[PDB]
Amino acid sequence: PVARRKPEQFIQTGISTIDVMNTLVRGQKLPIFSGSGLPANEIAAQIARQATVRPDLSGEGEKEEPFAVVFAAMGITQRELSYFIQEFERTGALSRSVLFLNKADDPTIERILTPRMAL
Amino acid sequence: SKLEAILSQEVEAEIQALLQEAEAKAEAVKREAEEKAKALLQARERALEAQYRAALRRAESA
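Residues numbered from 1 in each chain as written, not as in the entry; some residues may be left out. Chains lettered and ligands numbered in written order. Part of a larger assembly, values for the part shown. Heavy atoms only, no water. Residues with missing side-chain atoms left out of burial classes, pairs and counts.

What follows is about the overall build of chain B. Regarding its fold elements, chain B presents one helix and zero strands. Over its C-alpha atoms chain B spans a radius of gyration of 27 Å, topping by over 25% the 11 Å that the globule rule assigns to 62 residues. Reported as C-alpha extents along the three principal axes, the dimensions of chain B are approximately 95 × 5 × 5 Å. (Helix = DSSP H or I, 4+ residues; strand = E, 2+ residues; numbered from the N terminus. Rg over C-alpha atoms; globule rule 2.2 N^0.38 Å.)

Written as structure tokens, this is what we have:
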């Protein structure tokens, strides 16, 4: 625990309240206890592609954060898969990235292991 | 009469005041336009350039 650098900065994203009013800090266990009668995906991946960390304001160079997009949902509707393919195919986070995404098919076994993986 | 002399000069000063008033209202009109036109042009140039920089991004990304 000792080895671990202390937080000191935010990370930008161009998404407003959710950096501004309350602010995503580095390392942070950013937890979207949601309104779950409303689904994630959009507000998720919206703020995915839109998100990008940049320490302009710090006056430290920006060409030093290989911007590595790691994506995990699970039990996923194919519907949502197509929303994926929709968002993604725009963004280069089509492709600087992994998806990992346990289809609603995807047997319950792999389901389990799912999290550990890209982590 | 001296009586009508005062009526003359009085009315006449109102004539002078109307024109003068009008000029100031014309300037006020004038000044709206200048700012407005300028204010329209910048923001829409602005926007297009951003839509440009972002457009190429997606291209490059391909």
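Still to come is the rest of the account.
Time to look at the overall build of chain A. In terms of regular secondary structure, chain A is built from four helices and four strands. For chain A, the α and β elements follow one another from N to C terminus as α-α-β-β-α-β-β-α. If you line up chain A on its principal axes, its C-alpha atoms span 45 × 35 × 30 Å. Put simply, 79% of the contacts in chain A that link residues at least 6 apart link residues at least 24 apart. (Contact = heavy atoms within 4.5 Å.)

The next point concerns the environment of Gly75(A). Residues and elements named next belong to chain A. The residue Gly75 is located in strand β2 (residues 73-76) in this model. C-alpha of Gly75 to C-alpha of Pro107: the two residues are 32 residues apart in sequence and 9.2 Å apart in space. Setting aside its immediate chain neighbours within four residues, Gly75 contacts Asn102, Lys103 and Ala104.

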